[PDB]
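Asks: File name target.cif; file contents mmCIF, C-alpha atoms; full text below.
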```
data_coords
loop_
_atom_site.group_PDB
_atom_site.id
_atom_site.type_symbol
_atom_site.label_atom_id
_atom_site.label_comp_id
_atom_site.auth_asym_id
_atom_site.auth_seq_id
_atom_site.Cartn_x
_atom_site.Cartn_y
_atom_site.Cartn_z
ATOM 1 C CA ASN A 188 -0.707 -18.688 11.065
ATOM 2 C CA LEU A 189 0.482 -15.040 11.377
ATOM 3 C CA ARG A 190 -2.206 -12.548 12.220
ATOM 4 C CA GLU A 191 -1.535 -8.832 12.385
ATOM 5 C CA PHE A 192 -3.888 -6.162 13.714
ATOM 6 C CA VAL A 193 -4.033 -2.413 14.211
ATOM 7 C CA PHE A 194 -6.315 -1.160 16.947
ATOM 8 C CA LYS A 195 -6.576 2.618 16.815
ATOM 9 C CA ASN A 196 -8.865 5.624 17.501
ATOM 10 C CA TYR A 200 -13.965 6.415 16.735
ATOM 11 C CA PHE A 201 -12.320 2.920 16.747
ATOM 12 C CA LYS A 202 -11.021 1.202 13.619
ATOM 13 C CA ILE A 203 -9.607 -2.284 13.075
ATOM 14 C CA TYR A 204 -7.068 -3.127 10.363
ATOM 15 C CA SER A 205 -5.663 -6.594 9.761
ATOM 16 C CA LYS A 206 -3.699 -9.081 7.651
ATOM 17 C CA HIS A 207 -3.515 -12.900 7.628
ATOM 18 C CA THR A 208 -0.608 -14.794 6.058
ATOM 19 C CA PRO A 209 0.852 -18.352 6.389
ATOM 20 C CA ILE A 210 4.255 -18.851 8.117
ATOM 21 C CA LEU A 216 7.853 -12.357 15.029
ATOM 22 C CA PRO A 217 9.099 -13.082 11.359
ATOM 23 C CA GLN A 218 10.781 -10.374 9.265
ATOM 24 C CA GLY A 219 8.924 -9.195 6.157
ATOM 25 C CA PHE A 220 6.610 -6.496 4.824
ATOM 26 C CA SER A 221 2.923 -6.186 4.013
ATOM 27 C CA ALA A 222 0.183 -3.633 4.602
ATOM 28 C CA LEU A 223 -2.890 -4.229 6.740
ATOM 29 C CA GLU A 224 -6.348 -3.210 5.526
ATOM 30 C CA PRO A 225 -9.417 -1.811 7.373
ATOM 31 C CA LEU A 226 -12.180 -4.297 8.013
ATOM 32 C CA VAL A 227 -14.245 -2.989 10.896
ATOM 33 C CA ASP A 228 -15.419 0.528 11.729
ATOM 34 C CA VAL B 524 -26.418 9.735 4.448
ATOM 35 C CA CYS B 525 -27.702 11.054 1.062
ATOM 36 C CA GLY B 526 -30.333 13.708 0.129
ATOM 37 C CA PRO B 527 -33.824 13.120 -1.419
ATOM 38 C CA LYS B 528 -32.627 12.814 -4.986
ATOM 39 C CA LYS B 529 -33.812 10.537 -7.749
ATOM 40 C CA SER B 530 -31.051 8.439 -9.237
ATOM 41 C CA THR B 531 -30.686 7.762 -12.940
ATOM 42 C CA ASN B 532 -28.907 5.472 -15.395
ATOM 43 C CA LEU B 533 -25.234 5.768 -16.260
ATOM 44 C CA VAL B 534 -24.077 6.696 -19.750
ATOM 45 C CA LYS B 535 -20.725 5.271 -20.832
ATOM 46 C CA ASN B 536 -18.148 6.379 -23.432
ATOM 47 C CA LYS B 537 -19.535 9.918 -23.734
ATOM 48 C CA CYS B 538 -18.701 13.336 -22.209
ATOM 49 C CA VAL B 539 -21.021 13.652 -19.172
ATOM 50 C CA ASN B 540 -21.799 15.690 -16.068
ATOM 51 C CA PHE B 541 -21.593 13.204 -13.197
ATOM 52 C CA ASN B 542 -22.536 13.108 -9.501
ATOM 53 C CA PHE B 543 -21.403 10.187 -7.331
ATOM 54 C CA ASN B 544 -22.580 10.610 -3.724
ATOM 55 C CA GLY B 545 -22.217 14.398 -4.016
ATOM 56 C CA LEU B 546 -18.860 14.151 -5.837
ATOM 57 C CA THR B 547 -19.227 16.076 -9.061
ATOM 58 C CA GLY B 548 -17.291 16.854 -12.206
ATOM 59 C CA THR B 549 -17.143 16.592 -15.990
ATOM 60 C CA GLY B 550 -15.519 13.743 -17.889
ATOM 61 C CA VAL B 551 -15.941 10.541 -19.866
ATOM 62 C CA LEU B 552 -16.845 7.404 -17.909
ATOM 63 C CA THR B 553 -15.215 4.170 -19.135
ATOM 64 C CA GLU B 554 -14.543 0.707 -17.718
ATOM 65 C CA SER B 555 -11.541 0.675 -15.383
ATOM 66 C CA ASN B 556 -8.856 -1.981 -15.051
ATOM 67 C CA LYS B 557 -7.755 -0.708 -11.630
ATOM 68 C CA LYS B 558 -7.433 -3.310 -8.916
ATOM 69 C CA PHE B 559 -9.585 -1.691 -6.257
ATOM 70 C CA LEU B 560 -9.576 -3.254 -2.826
ATOM 71 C CA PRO B 561 -12.913 -4.230 -1.083
ATOM 72 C CA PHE B 562 -12.714 -1.206 1.227
ATOM 73 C CA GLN B 563 -11.870 1.447 -1.382
ATOM 74 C CA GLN B 564 -14.492 3.847 -2.757
ATOM 75 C CA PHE B 565 -12.582 5.912 -5.330
ATOM 76 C CA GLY B 566 -9.013 6.616 -6.425
ATOM 77 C CA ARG B 567 -6.928 9.746 -7.020
ATOM 78 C CA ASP B 568 -4.302 11.168 -9.395
ATOM 79 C CA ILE B 569 -1.069 13.069 -8.564
ATOM 80 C CA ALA B 570 -3.072 16.331 -8.585
ATOM 81 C CA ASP B 571 -5.168 14.833 -5.754
ATOM 82 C CA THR B 572 -8.228 14.762 -8.004
ATOM 83 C CA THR B 573 -10.520 11.820 -8.657
#
```
So, in terms of structure tokens, how does the structure I just supplied come out?
Replies:
Amino acid sequence: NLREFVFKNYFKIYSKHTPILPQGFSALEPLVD
Amino acid sequence: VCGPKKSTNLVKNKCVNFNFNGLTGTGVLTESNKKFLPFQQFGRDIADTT
């Protein structure tokens, strides 16, 4: 399992979960504010 | 955080004056086939308008 997160500043969390650091492209989406 | 306003019903396929959470304008409201994501509220055109 590949899990990607963005933790940035208030604080916001973006993430993506895909099956399988591997090369490839996708965009993470906001889940938690 | 919205003001003390009474909401009403939505009229489709006609020219209307709309207000969505304070966002206003004039246009015809029809069913969309846009694939909105769970976190998205509205979309925009190239002119940066709704």
Asks: Given the file shown, determine the residues that the PyMOL selection byres ((chain A and resi 194-202) around 7) selects; report them as a VMD selection string.
Replies: chain A and resid 192 to 193 203 to 204 227 to 228
Asks: Evaluate the PyMOL selection byres ((chain A) within 10 of (chain B)) here and jot the selected residues down as a PyMOL selection string.
Replies: chain A and resi 224-227
Asks: Written as an mmCIF file with C-alpha atoms, keeping the file's coordinate frame, what is the full residue list that the PyMOL selection byres ((chain B and resi 536-543) around 12) yields on the file shown?
Replies:
```cif
data_model
loop_
_atom_site.group_PDB
_atom_site.id
_atom_site.type_symbol
_atom_site.label_atom_id
_atom_site.label_comp_id
_atom_site.auth_asym_id
_atom_site.auth_seq_id
_atom_site.Cartn_x
_atom_site.Cartn_y
_atom_site.Cartn_z
ATOM 1 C CA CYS B 525 -27.702 11.054 1.062
ATOM 2 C CA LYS B 528 -32.627 12.814 -4.986
ATOM 3 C CA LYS B 529 -33.812 10.537 -7.749
ATOM 4 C CA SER B 530 -31.051 8.439 -9.237
ATOM 5 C CA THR B 531 -30.686 7.762 -12.940
ATOM 6 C CA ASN B 532 -28.907 5.472 -15.395
ATOM 7 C CA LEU B 533 -25.234 5.768 -16.260
ATOM 8 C CA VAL B 534 -24.077 6.696 -19.750
ATOM 9 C CA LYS B 535 -20.725 5.271 -20.832
ATOM 10 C CA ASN B 544 -22.580 10.610 -3.724
ATOM 11 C CA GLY B 545 -22.217 14.398 -4.016
ATOM 12 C CA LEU B 546 -18.860 14.151 -5.837
ATOM 13 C CA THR B 547 -19.227 16.076 -9.061
ATOM 14 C CA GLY B 548 -17.291 16.854 -12.206
ATOM 15 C CA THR B 549 -17.143 16.592 -15.990
ATOM 16 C CA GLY B 550 -15.519 13.743 -17.889
ATOM 17 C CA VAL B 551 -15.941 10.541 -19.866
ATOM 18 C CA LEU B 552 -16.845 7.404 -17.909
ATOM 19 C CA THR B 553 -15.215 4.170 -19.135
ATOM 20 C CA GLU B 554 -14.543 0.707 -17.718
ATOM 21 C CA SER B 555 -11.541 0.675 -15.383
ATOM 22 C CA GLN B 564 -14.492 3.847 -2.757
ATOM 23 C CA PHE B 565 -12.582 5.912 -5.330
ATOM 24 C CA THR B 573 -10.520 11.820 -8.657
#
```
Asks: With 8 Å added on each side, what axis-aligned box encloses every listed atom of stretch 191-208 of chain A? Give the centre and edge lengths in Å to one decimal, as JSON.
Replies:
```
{"center_x": -7.3, "center_y": -4.2, "center_z": 11.8, "size_x": 29.4, "size_y": 37.2, "size_z": 27.4}
```
Asks: Which value, in Å to one decimal, gives the distance between atom CA of residue B:571 and atom CA of residue A:220?
Replies: 26.6 Å
Asks: For a test of reading the model, state the distance in Å between atom CA of residue A:188 and atom CA of residue A:221, rounded to one decimal.
Replies: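 Distance reported for this atom pair: 14.8 Å.
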Asks: So how far away is atom CA of residue B:526 from atom CA of residue B:568, in Å?
Replies: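 So the answer is 27.8 Å.
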Asks: Would you mind putting N, CA, C and O atoms back on stretch 544-557 of chain B and writing the result as an mmCIF file, in the coordinates of the input?
Replies:
```
data_model
loop_
_atom_site.group_PDB
_atom_site.id
_atom_site.type_symbol
_atom_site.label_atom_id
_atom_site.label_comp_id
_atom_site.auth_asym_id
_atom_site.auth_seq_id
_atom_site.Cartn_x
_atom_site.Cartn_y
_atom_site.Cartn_z
ATOM 1 N N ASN B 544 -22.486 10.283 -5.150
ATOM 2 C CA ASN B 544 -22.580 10.610 -3.724
ATOM 3 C C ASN B 544 -22.174 12.052 -3.408
ATOM 4 O O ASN B 544 -21.525 12.307 -2.394
ATOM 5 N N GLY B 545 -22.545 12.999 -4.260
ATOM 6 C CA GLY B 545 -22.217 14.398 -4.016
ATOM 7 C C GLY B 545 -20.895 14.820 -4.665
ATOM 8 O O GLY B 545 -20.581 16.011 -4.704
ATOM 9 N N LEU B 546 -20.131 13.859 -5.183
ATOM 10 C CA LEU B 546 -18.860 14.151 -5.837
ATOM 11 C C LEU B 546 -19.120 14.448 -7.301
ATOM 12 O O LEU B 546 -19.568 13.579 -8.051
ATOM 13 N N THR B 547 -18.861 15.681 -7.714
ATOM 14 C CA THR B 547 -19.227 16.076 -9.061
ATOM 15 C C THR B 547 -18.051 16.471 -9.925
ATOM 16 O O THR B 547 -16.994 16.870 -9.431
ATOM 17 N N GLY B 548 -18.278 16.419 -11.230
ATOM 18 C CA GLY B 548 -17.291 16.854 -12.206
ATOM 19 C C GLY B 548 -17.724 16.517 -13.625
ATOM 20 O O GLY B 548 -18.815 15.990 -13.848
ATOM 21 N N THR B 549 -16.869 16.852 -14.583
ATOM 22 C CA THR B 549 -17.143 16.592 -15.990
ATOM 23 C C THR B 549 -16.057 15.702 -16.568
ATOM 24 O O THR B 549 -14.866 15.945 -16.362
ATOM 25 N N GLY B 550 -16.470 14.666 -17.282
ATOM 26 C CA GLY B 550 -15.519 13.743 -17.889
ATOM 27 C C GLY B 550 -16.215 12.563 -18.535
ATOM 28 O O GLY B 550 -17.431 12.412 -18.428
ATOM 29 N N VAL B 551 -15.437 11.728 -19.200
ATOM 30 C CA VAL B 551 -15.941 10.541 -19.866
ATOM 31 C C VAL B 551 -15.785 9.333 -18.950
ATOM 32 O O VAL B 551 -14.708 9.100 -18.399
ATOM 33 N N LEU B 552 -16.862 8.578 -18.776
ATOM 34 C CA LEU B 552 -16.845 7.404 -17.909
ATOM 35 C C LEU B 552 -16.617 6.130 -18.722
ATOM 36 O O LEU B 552 -17.403 5.818 -19.622
ATOM 37 N N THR B 553 -15.537 5.410 -18.419
ATOM 38 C CA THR B 553 -15.215 4.170 -19.135
ATOM 39 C C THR B 553 -14.883 3.063 -18.147
ATOM 40 O O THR B 553 -14.592 3.336 -16.984
ATOM 41 N N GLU B 554 -14.891 1.815 -18.603
ATOM 42 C CA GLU B 554 -14.543 0.707 -17.718
ATOM 43 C C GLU B 554 -13.097 0.816 -17.261
ATOM 44 O O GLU B 554 -12.203 1.063 -18.071
ATOM 45 N N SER B 555 -12.874 0.609 -15.966
ATOM 46 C CA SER B 555 -11.541 0.675 -15.383
ATOM 47 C C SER B 555 -10.912 -0.699 -15.254
ATOM 48 O O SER B 555 -11.612 -1.694 -15.068
ATOM 49 N N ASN B 556 -9.587 -0.750 -15.311
ATOM 50 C CA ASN B 556 -8.856 -1.981 -15.051
ATOM 51 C C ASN B 556 -8.041 -1.866 -13.763
ATOM 52 O O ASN B 556 -7.088 -2.619 -13.550
ATOM 53 N N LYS B 557 -8.427 -0.922 -12.905
ATOM 54 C CA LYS B 557 -7.755 -0.708 -11.630
ATOM 55 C C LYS B 557 -8.157 -1.743 -10.598
ATOM 56 O O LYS B 557 -9.340 -2.028 -10.396
#
```
